[PDB]
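Participant: can't give you the sequence, but here's the structure:
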């Protein structure tokens, strides 16, 4: 209709996506291992009318010609993979991570996902699963007569058998690093899957080769900054305010043109 | 948006960082070996509208030109490395430090960490560890037939064997001194790893070369005074209130402006 | 468009600058050595319609002719360089200044800046740097075998070596003073630079030449009068309300001028 109205529509859509991201952040406080997400925006086409070069006279140059431009196309959402603030859960199955690294988990379809969530569980068959039976990699099977479990800083998981005066080592729990942590594609369940952007996964025991360390009895909190989200929400509401104002102004312009 | 909103956003961000630092300081009272932190702030860019020099006429000079300025960027969260108070734990397996010095520790990489926590413990294989299987350096192996253990002010760890009336020298436990204590980067557990600003580690015997002494039966208490932290908290909370008030004022300004 | 509307726009922009200054002042509470700014405004053109002199008759003179006037152009922002409130931070690396004067600092660009922050450090090479690794002036280096540092209120810096019973004089730390401290152009980091409105930097030992004294273990707090800032913010909010109302009135007058 008018070049103005499409531009304002793109602006409204951009503010709406930005509010979607803020709402997803704000809802996911108190979710373990969640990574704050933030939208990066990007301006659209520029309809060039007079070429910014294009010497006007035989000598003059015509600096900074006429170009209009449209749109606010949202180009990406970066995920901030910073260390969450650890919290003392004092729970024997809850393990947190300090530094880079992701737990590897075998999805029932046979593919591997990666989670920064150590809110583990032990099922019927003794496996370490994670809130949904997603069996970890490599498998760790607690003996049926084990009493108490411990997970060292180096990932060595061992149990205290009954009667046995020793912590026999049951399994080894290793992490995985991606040379682009941000490029993982989340599929829900607090899980990410490998894509072309993240690059190949390097699996190693904790500590070695850039991975972090494992802290039993702690859980990683979401790195969502509450005040940042609140001011973001105020700013987004006002930007939406203003863009709808622009839509209405273009409406009034067009309507006065109609009754002409 | 409005410049005011960005400036006040940075103000709330800085005050939240201050509040979180103070909360960590206050919640870690009665944590052995904790080191008190404080945040140091720093203002951001100054948008110069008129340059403070920039003569107007051929005579006049325009003193103190117009520059707005933004932000309260927190330039650091430094850590005060003062000597904590000694308290009689009476436990023979706990040692504290008087003066400079950190107990060196082997991470699973083969690197070095450093901790002022001498509540040493015995693993299954007899190596001295510190709350996490951190095999102290250099390697120290408590004998199986240990009856009592002593650690002098020069750091020699010697044990009483059955039958023999002599404290056989089982190991030596020297401290590590950095030229900049503040520069250390914590990785939790009250452990610090060497970094470029801390300086190269100087490993040396206790008591000599500026180091401190090793006191058995003592634990060093956190250098956090509750009264100081509470007065600091009062000041910070009032600043936080004022900054949120400024954000709300800018909100009201904008929403009325759009009501126009 | 309308003579009313451009004047009202100038009023809105002046109030916006005023809120910017208030928000930067108010966000920089709890910033050591910060100085409050205050914006000074200045009315624009006065379109003369009838000259206030300009005899109408051979005898009458027409007092108080007709001139309309526009604009509220903000002409300057003066930074108030008074003494902040010294507080017992009780740290051997924090020194405040009592009276006039600035610490000179050598930026890596080679040029000189000046700061009223004593929140110093010692980097890996022993030098005193200022929360950002900026080498103070003149050169200084703490010997590696130092145990303490004291800054006499004359400015002489002396450390206590090991063994030696004498605070060997490491160096001398002197201040810099300007005739117009307000003229200094701040560039963030709490560092100002010499501008040609401030004048040549006159460097001298503390005390002499009108420079102030050095107080170790103190930090000079920002001189932001919070009550003045808050009442100013309320006043600015209402003034913005009023100017937007002026824009609204002009808009309605135009709207039923067009409807005609």
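Facilitator: Nice, thanks for sending it over. Numbers count the residues shown, from 1 in each chain, chains lettered A, B, ... in the order given.

Participant: Please enumerate the helices of the stretch 151-260 of chain A.
Facilitator: A:226-258 (DSSP state H, counting those that start in this stretch).

Participant: Now it against chain C: closest residue?
Facilitator: residue A:256 (8.3 Å; Cβ to the nearest Cβ). Where C-beta positions appear, they are placed from N, C-alpha and C, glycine not excepted.

Participant: which residues pair with the residue nearest the centre of chain A across the strands?
Facilitator: The centroid of chain A falls nearest to residue A:79 when counting by Cα atoms, centre = their mean (3.9 Å). Here residue A:79 sits in beta bridges with residue A:37, going by DSSP bridges.

Participant: who touches it in this structure?
Facilitator: Residues in contact with residue A:79 (Cβ atoms under 8 Å, 6 or more residues apart in numbering or on different chains) are A:35, A:36, A:37, A:38, A:181, A:182, A:184, A:186.

Participant: any idea how far the second one lies from chain B?
Facilitator: In this structure, residue A:36 lies at 14 Å from chain B, with Cβ to the nearest Cβ, to the nearest Å as the measure.

Participant: any idea how far that residue lies from residue A:185?
Facilitator: 17 Å (Cβ to Cβ, to the nearest Å).

Participant: With neighbour numbers in mind, choose between these two.
Facilitator: residue A:36 (21 against 13; other Cβ atoms under 10 Å in any protein chain shown).

Participant: didn't the more buried one look like it was pressed against residue A:223?
Facilitator: Yes: between residue A:36 and residue A:223 there is a contact under Cβ atoms under 8 Å: 5.2 Å.

Participant: joint contacts of the two?
Facilitator: Joint contacts of residue A:36 and residue A:223 (Cβ under 8 Å, 6+ apart) are residue A:80.

Participant: who in chain A is up against chain B?
Facilitator: Proximity of chain A to chain B is confined to A:86, A:98-99, A:152-154, A:166-167, A:205-208, A:213, A:215, A:225, A:227-228, A:231, A:234-235, A:238-239, A:241-242, A:245 under the rule Cβ under 8 Å from any Cβ of the partner chain.

Participant: From start to finish, how long is stretch A:108-120 in a straight line?
Facilitator: Distance across stretch A:108-120, first residue to last, is 17 Å (Cα to Cα, to the nearest Å).

Participant: ok, now stretch A:56-68?
Facilitator: 20 Å.

Participant: cool, stretch A:138-157 as well?
Facilitator: 12 Å.

Participant: Same question for stretch A:145-158.
Facilitator: End-to-end for stretch A:145-158, by Cα to Cα: 13 Å.

Participant: Contacts for that stretch next, please.
Facilitator: A:92-93, A:95, A:122, A:128, A:140, A:142, A:159-162, A:167-175, A:205-207, A:213-216, B:108, B:132-134.

Participant: what separates the residue of the stretch 151-260 of chain A closest to chain C from residue C:255, distance-wise?
Facilitator: Residue A:256 is 11 Å from residue C:255, by Cβ to Cβ.

Participant: Filter the contacts of stretch A:145-158 down to just the ones in strands.
Facilitator: A:95, A:122, A:128, A:159-161, A:167-172, A:175, A:213-216 (DSSP state E).

Participant: tell me which residues in stretch A:152-164 are buried?
Facilitator: The neighbour-count check on stretch A:152-164 (16 or more other Cβ atoms under 10 Å in any protein chain shown) flags A:152, A:153, A:154, A:155, A:156, A:157, A:158, A:159, A:161 as buried.

Participant: what's the spacing between it and its chain's center?
Facilitator: 33 Å (Cα atoms, centre = their mean, to the nearest Å).

Participant: likewise stretch A:59-75?
Facilitator: Using Cα atoms, centre = their mean, the offset of stretch A:59-75 from its chain centre is 34 Å.

Participant: quick one, phi/psi of the residue of chain A positioned farthest from its centre?
Facilitator: Within chain A, the residue lying farthest from the chain centre (Cα atoms, centre = their mean) is residue A:58, at 55.7 Å. The phi and psi values for residue A:58, taken as degrees, to the nearest 10, are phi -70, psi -20.

Participant: mind listing what it touches?
Facilitator: No contacts exist for residue A:58 under Cβ under 8 Å, 6+ apart.

Participant: near chain C, which residues of chain A?
Facilitator: Counting by Cβ under 8 Å from any Cβ, no residue of chain A sits close to chain C.

Participant: Skipping adjacent residues, who's closest to the residue of chain A found nearest chain B in space?
Facilitator: Closest contact between chain A and chain B, by Cβ to the nearest Cβ, is at residue A:207 (3.8 Å). Leaving out its chain neighbours, the residue that sits closest to residue A:207 by Cβ to Cβ, 6 or more residues apart in numbering or on different chains is residue B:108, at 3.8 Å.
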